[PDB]
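Undergrad: model this:
(9 chains, ligands or ions: 55)
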Amino acid sequence: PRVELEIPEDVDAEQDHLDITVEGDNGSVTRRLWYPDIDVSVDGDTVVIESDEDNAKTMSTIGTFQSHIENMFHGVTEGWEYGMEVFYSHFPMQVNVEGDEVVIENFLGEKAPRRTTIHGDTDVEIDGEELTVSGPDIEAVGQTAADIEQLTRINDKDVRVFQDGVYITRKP
Amino acid sequence: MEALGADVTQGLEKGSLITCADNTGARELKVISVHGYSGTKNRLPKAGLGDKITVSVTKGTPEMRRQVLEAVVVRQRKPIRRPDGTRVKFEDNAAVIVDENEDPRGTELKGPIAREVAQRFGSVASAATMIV
Amino acid sequence: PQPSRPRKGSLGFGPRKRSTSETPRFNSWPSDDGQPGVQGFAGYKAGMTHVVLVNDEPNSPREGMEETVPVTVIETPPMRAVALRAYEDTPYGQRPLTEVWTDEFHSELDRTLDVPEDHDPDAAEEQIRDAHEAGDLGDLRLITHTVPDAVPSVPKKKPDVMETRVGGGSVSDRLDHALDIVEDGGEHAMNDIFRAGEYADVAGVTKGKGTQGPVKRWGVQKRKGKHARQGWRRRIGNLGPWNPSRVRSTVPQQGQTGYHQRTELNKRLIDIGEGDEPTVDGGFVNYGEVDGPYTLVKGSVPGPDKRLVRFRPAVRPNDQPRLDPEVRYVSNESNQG
Amino acid sequence: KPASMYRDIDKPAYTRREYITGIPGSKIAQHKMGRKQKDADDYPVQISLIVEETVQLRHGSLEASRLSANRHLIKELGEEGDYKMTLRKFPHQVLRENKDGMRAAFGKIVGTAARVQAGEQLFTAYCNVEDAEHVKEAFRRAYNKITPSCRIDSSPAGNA
Amino acid sequence: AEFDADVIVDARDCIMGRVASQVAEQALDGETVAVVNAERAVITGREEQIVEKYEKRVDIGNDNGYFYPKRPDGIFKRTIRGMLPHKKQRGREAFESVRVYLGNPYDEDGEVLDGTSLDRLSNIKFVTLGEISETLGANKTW
RNA sequence: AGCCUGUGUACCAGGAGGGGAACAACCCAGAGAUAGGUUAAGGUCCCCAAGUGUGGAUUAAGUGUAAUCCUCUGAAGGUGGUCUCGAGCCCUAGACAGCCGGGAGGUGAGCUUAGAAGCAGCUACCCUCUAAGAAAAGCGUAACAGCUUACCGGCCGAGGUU
RNA sequence: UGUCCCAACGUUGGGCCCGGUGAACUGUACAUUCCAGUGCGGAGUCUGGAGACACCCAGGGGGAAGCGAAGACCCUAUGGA
RNA sequence: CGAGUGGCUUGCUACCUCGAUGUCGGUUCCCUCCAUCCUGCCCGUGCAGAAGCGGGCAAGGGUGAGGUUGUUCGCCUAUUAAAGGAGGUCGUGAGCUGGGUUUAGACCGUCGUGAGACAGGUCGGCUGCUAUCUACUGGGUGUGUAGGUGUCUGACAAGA
RNA sequence: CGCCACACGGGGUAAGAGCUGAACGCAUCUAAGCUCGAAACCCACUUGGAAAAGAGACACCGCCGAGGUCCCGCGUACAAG
Ligand SMILES: [Cl-]
Ligand SMILES: [Cl-]
Ligand SMILES: [Cl-]
Ligand SMILES: [Cl-]
Ligand SMILES: [Cl-]
Ligand SMILES: [Cl-]
Ligand SMILES: [Cl-]
Ligand SMILES: [K+]
Ligand SMILES: [Mg+2]
Ligand SMILES: [Mg+2]
Ligand SMILES: [Mg+2]
Ligand SMILES: [Mg+2]
Ligand SMILES: [Mg+2]
Ligand SMILES: [Mg+2]
Ligand SMILES: [Mg+2]
Ligand SMILES: [Mg+2]
Ligand SMILES: [Mg+2]
Ligand SMILES: [Mg+2]
Ligand SMILES: [Mg+2]
Ligand SMILES: [Mg+2]
Ligand SMILES: [Mg+2]
Ligand SMILES: [Mg+2]
Ligand SMILES: [Mg+2]
Ligand SMILES: [Mg+2]
Ligand SMILES: [Mg+2]
Ligand SMILES: [Mg+2]
Ligand SMILES: [Mg+2]
Ligand SMILES: [Mg+2]
Ligand SMILES: [Mg+2]
Ligand SMILES: [Mg+2]
Ligand SMILES: [Mg+2]
Ligand SMILES: [Mg+2]
Ligand code: NA
Ligand code: NA
Ligand code: NA
Ligand code: NA
Ligand code: NA
Ligand code: NA
Ligand code: NA
Ligand code: NA
Ligand code: NA
Ligand code: NA
Ligand code: NA
Ligand code: NA
Ligand code: NA
Ligand code: NA
Ligand code: NA
Ligand code: NA
Ligand code: NA
Ligand code: NA
Ligand code: NA
Ligand code: NA
Ligand code: NA
Ligand code: NA
Ligand code: NA
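TA: Residues are numbered from 1 along each chain as shown, chains lettered A, B, ... in the order given. Ligands and ions are numbered 1, 2, ... in the order given. You can find the structure just below:
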């Protein structure tokens, strides 16, 4: 099979080996697209994903490579944004971006601060009780966002009662 | 538990017959177990000054005799070490019968007591005439 | 159902054989954090006494109070870093590249070595720097020896040579730091490396005891009760099951016990001084009188009096340094009585 | 006791009741279920449970599965639903057990079983096109209570 | 150092076993062989299982012993020994006239043997010797 | 049962040699000495003589590389893992899915009931508007409200579904 | 009250080294073995691997189904008492 | 109801040993298995919390002291994080013990005319050997690498 | 029976919690890819270790002389050695 992806005018995509770099006004993203017998090339102004095999396993990945590239096109232009809302019941939770990692303090009344390092060139803007994770690499952003929600994981007690923590409000 | 503030060479064992330093009606005590203690194969469970042991009443009033109560070790013949190096030892081995709240069962504590026992069992401490 | 029980003795210090070198050899070194410096020193065990100290621990309820602490006295005179050995990074691990020596040698170093008569320092230095330029320079350590002659109680004059590592800021800077120390005459002191209050790792070759039975050597039991009177007293039950049909090396057996190398971790340096402040009345039994550069180490140290013991900045300390502890008293009472 | 002891057809046919005595009765309640007054032809759909391997199924097993199948139909079509199921095989083969070691080992009578050759119909239900998925589920529950693997074969019914 | 190898083989991206099989045949033939870039040699299959087999070999042992190598250096040589009657005079002579090296210590580039190459474009399920060695706990000297 | 006890037969016993890792009875094979040659069983990546043989396909589990077997397990049951062959229905008069929009009136149908208005229960389940839209398939409220399902239209565009 | 917790130190005689004296048990052969397998189903010797430079001193006895006794148990014998 | 795994129990068989492979229980000392009792990390809950209950991964470490009984098993007490189960010739008598089974003495009950018997009870009732080989714990002497002194490296190996 | 010392932290995983993501336009933690996550694994730390047959490296001394053994006084060592 073969799928041609017309690259946006704002974008500039280059590929060496199995690594594909996509550059745009919002930044640059590089990914490795490695799978048996699937060749991904840059033909002038269209990325080609093709293979001689048409089996279910191959088709699965060709479809995966497509969405990965499209998402890169979108990231280097419009970008990726996840919204979050910090919520607490009794203990006022302080959330700050310190250095290269969002730090959460006094979670559920804890003395020890919970922290997690931000992935890649992802930006975590905080304004009051709202957070906004953004960047060109959906992989890095989506994870950083998830890491934030996961940072307030609770296994010891009932989640339905103890509902404190940050949460993904808007998904791109 | 809270640090004794003294190194202790346990001088008692499970089965040891000691003195009940109080007016409860129980005169002689028999050590049965040592709270929070777990030994090793063949080792006879050891108890020392500052420990909360389980006891059986060997001698005393028919009422108290044959009962299984908790107690605190107040005195022991085998020495103990203090921060300044000095060793301290008593004329006998003794314990004071205690309840669930670690409050002495009886009203009065006969004979002297170790100061280190105070940091652990206050109600027992603030019931002693002498504290060495 | 036969209660469980941990095995008799550790399998981590074997084989339990006689040590190859009476002089200990560290198989680990501290990290390259601070400024360039030698990562170790040595001395000679003298004996023990107690010291009265002020509680240094901020987390202790006794903080500030008097406290009696056991101490081993070790005569630690100046040593001499006679050479700079550079290792190169090869596909088979680290390998000695070359050495930079000196001319100023202690009068009695030849009692052990074939002291250099014709050596080219510069060439070696060049080779080391060229290797560094190539990015093949492993680490840098100094060849060091003691001055037993400086310690009267110690009969030997034949110096104990040992290689100590230099951990510094950058490879380029500690290289220079090393070269400098050496050029002078390699003379250095415990003050140069340590400061009272720091934790050191003391390595040493334990007190020898010759051959000993399982009971002493592995801490196995003695036959008990009736069994103790049958003809067996200090011999273990059996050498192993029917199968496997062989005695496993893990069963507690007779052999060389003592005279092994040991590296005790986190030894607090109570005080580094000089003179006779620590010497015991009537002399340290089986050692002598201490009147010179010394180190007071908290607690015990491996080895017998007169033995060589090595120091090293604790590679895995649990506590934070509590510098220069207050010594309100040092016992000088006789160790006989 | 396990079916492993009686599932194979290796011993001779032991059915002659004129020579065997003390044979336990069959646990099989009844072979004909549903609306037995109505005829099999009065139904558009006919689904049989086909045993894929030649085996011996003990009476407790025939009862255990028949029950679990019909009990489902009663639950889905009602105690008087419009269907009729049939357990066509009967446990003629008498089973022994040597319950002394191998001396005078001829066993004593402990039970009965049905010999089913592979490809045969053990159960056959007749229903109306709507209840066809229920009868298929009854059989899926039934084949879980007998030794062999089975096929749920739909005979007259091309309403898919 | 200095091994007068008649043949220098490059194992980079080559299937270890197949290379090993050919090196043995040549060593028994009298050829002095030097296997090069062993850390970069390859071995197909599901990594997790491959590693399990090698970790088990490291664990297997007793007083008598079972010295199993962890470095790609030794692993490749042991792989080759398994293809030679190393206990026989002729077999030991061959095995000793063969040597594996990390990287390439020679001036010449090693030659890639026929049928030993693995097409990385066509394959995703395989492992590198170094990758196995690092997992085994070997000190990465290469 | 590597059990006990028959029967026919061939073998071991008393049968070498070749193969099977080894191994009385499994395979080839029945064998004077010596010698050249060709095969049998079995095998041809190395160990190890002969293929890293050819055409084609499957498998990603190291499955497997294990004829027979005390010896080599692996079962009922299950599997949108993957490959292949067929049948029925739907589809550029636009299918399947997704997203958007609409899902309306007489009327909150009658009855029951303080109340019940698609949706506690009982009965019926009619006709208008219209391109659709149930006297309502599923949640929801005390009952309403609120949320989707049926059904229609739109966007999209190629196969889809059983 | 060292039977035990829980072991220590010491004493005498041995043990170890040297001079002198000087046996016995045991021995199909070979034999540096270990893990597995196989085999009359409990192998240092067969098969596959692993390990293994030779000799010597001391040790406590895991294995040689260790050495010692043509099994006392059990059955058999047209045995004995 | 149906399908299995294990090889701890019991039974079956009679392949191995009757020119002997020393018993049960215990002890001591070593290794292992996981079907996990505790401890680490998890999922569900009839999960508010606390205390639990059920399940998953996981064998690193731990899993102890006592009263009756020869007992294994088991019953019981107090402690405990918990006081898990099992394999190694039912690990371990050229290691120990010798209370039980099972010699010769004796008694009681039952049976027998009797000698005498008992899948009944009871008291007493022996533990051989100087290690040749192999195995391992430790100690030396030589040879190989191919003049010496001193310092190291680290393939690998052990650890809880 | 007394006294001293005996981590943490990294890396990769299991069960599990997830991200991006297709086969299957949606959905999906998995199929390719990725972020995490056990007292368990690897490193770290301790002990042994040139007989590692690829039998190692460096430095200096020396080949008519460096160094070693014997001998002598002794032990921080030791059953002989
Ligand atoms: Cl207890
Ligand atoms: Cl004993
Ligand atoms: Cl090993
Ligand atoms: Cl060979
Ligand atoms: Cl692949
Ligand atoms: Cl013939
Ligand atoms: Cl494999
Ligand atoms: K016998
Ligand atoms: Mg809770
Ligand atoms: Mg005991
Ligand atoms: Mg005796
Ligand atoms: Mg003294
Ligand atoms: Mg005094
Ligand atoms: Mg015959
Ligand atoms: Mg060939
Ligand atoms: Mg397999
Ligand atoms: Mg078969
Ligand atoms: Mg062999
Ligand atoms: Mg006989
Ligand atoms: Mg008899
Ligand atoms: Mg007669
Ligand atoms: Mg024997
Ligand atoms: Mg498990
Ligand atoms: Mg273990
Ligand atoms: Mg046994
Ligand atoms: Mg046992
Ligand atoms: Mg024995
Ligand atoms: Mg014996
Ligand atoms: Mg003996
Ligand atoms: Mg007896
Ligand atoms: Mg008795
Ligand atoms: Mg008796
Ligand atoms: Na004796
Ligand atoms: Na004796
Ligand atoms: Na034995
Ligand atoms: Na009978
Ligand atoms: Na079935
Ligand atoms: Na492979
Ligand atoms: Na190994
Ligand atoms: Na014949
Ligand atoms: Na053969
Ligand atoms: Na395999
Ligand atoms: Na005594
Ligand atoms: Na032995
Ligand atoms: Na089974
Ligand atoms: Na059995
Ligand atoms: Na015999
Ligand atoms: Na026993
Ligand atoms: Na465990
Ligand atoms: Na008991
Ligand atoms: Na036995
Ligand atoms: Na015994
Ligand atoms: Na005995
Ligand atoms: Na980890
Ligand atoms: Na060497």
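
Undergrad: the helices in chain C, which residues?
TA: Here chain C has its helices, by DSSP state H, at C:121-134, C:171-184, C:190-193, C:214-218.

Undergrad: could you dump those to CSV with distance to residue B:4?
TA: Using the backbone N, CA and C atoms, a C-beta is placed for each residue, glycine as well. As requested, these are exported to CSV (distance: least, CB to CB, whole Å):
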stretch, distance to residue B:4
helix C:121-134, 57
helix C:171-184, 48
helix C:190-193, 37
helix C:214-218, 32
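
Undergrad: Select, out of those, the one closest to ligand 39.
TA: Proximity to ligand 39 (CB to the ion) singles out helix C:214-218 among the helices of chain C, at 25.6 Å.

Undergrad: what residues does that closest one touch?
TA: With CB atoms under 8 Å, 6 or more residues apart in numbering or on different chains as the test, helix C:214-218 has contacts from C:8-9, C:16, C:209, C:220-222, C:234-236, C:252-255, C:257.

Undergrad: Please apply the same query to stretch E:123-131.
TA: With CB under 8 Å, 6+ apart, stretch E:123-131 has contacts from A:34-36, E:16, E:38-47, E:50-51, E:72, E:75-76, E:118, E:140, E:142.

Undergrad: In helices, which of these fall?
TA: Going by DSSP H, the helices hold E:16, E:47, E:50, E:51, E:72, E:75, E:76 from the contacts of stretch E:123-131.

Undergrad: Can you give me the domain assignment for chain A?
TA: A:1-79, A:80-172 (curated CATH domains).

Undergrad: Between the helices of chain C, which one is closest to residue B:52.
TA: helix C:214-218 (35.0 Å; CB to CB).

Undergrad: Now look at that closest one and say if it contacts RNA strand G.
TA: Yes: on the criterion CB under 7 Å from any atom of the strand, helix C:214-218 is in touch with RNA strand G at C:215, C:216.

Undergrad: Strands of the chain, residue ranges please.
TA: Using chain A. Under the criterion DSSP state E, chain A contains strands at A:2-6, A:12-16, A:19-24, A:27-32, A:39-42, A:46-50, A:80-87, A:94-98, A:101-105, A:114-117, A:123-127, A:130-135, A:165-170.

Undergrad: should've been chain E
TA: Under DSSP E, chain E gives strands at E:7-10, E:33-36, E:42-44, E:98-100, E:126-128.

Undergrad: will you turn these into TSV that also has distance to RNA strand G and mean neighbour count?
TA: Shown next, in TSV, are the strands of chain E (distance: least, CB to the nearest atom of the strand, whole Å; neighbours: other CB atoms under 10 Å in any protein chain shown):
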stretch	distance to RNA strand G	mean neighbour count
strand E:7-10	22	20
strand E:33-36	18	24
strand E:42-44	18	18
strand E:98-100	15	23
strand E:126-128	22	19
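
Undergrad: Contact partners for the residue in chain A positioned nearest to ligand 5?
TA: The minimum distance from chain A to ligand 5, using CB to the ion, falls at residue A:36 (4.8 Å). Listed by CB under 8 Å, 6+ apart, the contact set of residue A:36 reads A:58, E:121, E:122, E:123, E:124.

Undergrad: bridging residues for residue A:135?
TA: residue A:80 (DSSP bridges).

Undergrad: Does RNA strand H have contacts with stretch D:103-123?
TA: Yes: applying CB under 7 Å from any atom of the strand, one finds stretch D:103-123 touching RNA strand H at residue D:103.

Undergrad: May I see the buried residues of that stretch?
TA: D:110, D:111, D:112, D:113, D:114, D:115, D:116, D:121, D:122, D:123 (16 or more other CB atoms under 10 Å in any protein chain shown).

Undergrad: hmm, the strand or helix carrying the fifth one touching RNA strand F?
TA: Which is residue D:114. Counting by DSSP states H and E, the element that carries residue D:114 is strand D:108-116. No: Strand D:108-116 is not in contact with RNA strand F by CB under 7 Å from any atom of the strand; minimum separation 13.6 Å.

Undergrad: next helix or strand past that strand?
TA: With DSSP H and E, the next secondary element past strand D:108-116 is strand D:120-127.

Undergrad: List the neighbouring strands of that next one plus their orientation.
TA: strand D:45-51 (antiparallel), strand D:83-87 (antiparallel).

Undergrad: is RNA strand H contacted by the shortest one?
TA: Right, the one you point to is strand D:83-87. No: using CB under 7 Å from any atom of the strand, strand D:83-87 stays clear of RNA strand H, with a minimum separation of 13.4 Å.

Undergrad: Extract the CA atoms of the helix or strand just after that strand and return them as PDB.
TA: Downstream of strand D:83-87, the first helix or strand assigned by DSSP H and E is strand D:93-97. The C-alpha trace of strand D:93-97 is given here as PDB (Å, rounded to 0.1, in the frame of the first residue of the first chain):
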ATOM      1  CA  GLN D  93     -23.800 -49.700  29.700                       C
ATOM      2  CA  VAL D  94     -23.400 -50.900  33.400                       C
ATOM      3  CA  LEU D  95     -20.300 -49.700  35.200                       C
ATOM      4  CA  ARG D  96     -18.200 -51.600  37.800                       C
ATOM      5  CA  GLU D  97     -15.600 -50.700  40.400                       C
END
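
Undergrad: Strand D:93-97 and RNA strand H in contact?
TA: No: judged by CB under 7 Å from any atom of the strand, strand D:93-97 makes no contact with RNA strand H; its nearest approach is 10.7 Å.

Undergrad: Is RNA strand F within reach of that strand?
TA: No: judged by CB under 7 Å from any atom of the strand, strand D:93-97 and RNA strand F are separated, with a smallest distance of 13.1 Å.

Undergrad: Just name whatever secondary elements that strand is in contact with.
TA: Judged by 3 or more CB pairs under 8 Å, 6 or more residues apart in numbering or on different chains; DSSP states H and E, strand D:93-97 is in contact with strand D:108-116.

Undergrad: quick one: contacts for residue A:47?
TA: A:4, A:5, A:7, A:13, A:15, A:20, A:40, A:41, A:69.

Undergrad: ok and the residue in chain A nearest chain B?
TA: residue A:111 (21.8 Å; CB to the nearest CB).

Undergrad: What count of nearby residues applies to that residue?
TA: Residue A:111 has 6 neighbours, counted by other CB atoms under 10 Å in any protein chain shown.

Undergrad: cool, the one 10 residues further on as well?
TA: Using other CB under 10 Å as the criterion, residue A:121 is surrounded by 15 other residues.

Undergrad: if we can go back for a sec, reformat the buried residues of stretch D:103-123 as CSV; add distance to ligand 1.
TA: Putting the buried residues of stretch D:103-123 into CSV (distance: CB to the ion, whole Å) gives the following:
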residue, distance to ligand 1
D:110, 54
D:111, 56
D:112, 61
D:113, 60
D:114, 64
D:115, 66
D:116, 65
D:121, 70
D:122, 65
D:123, 65
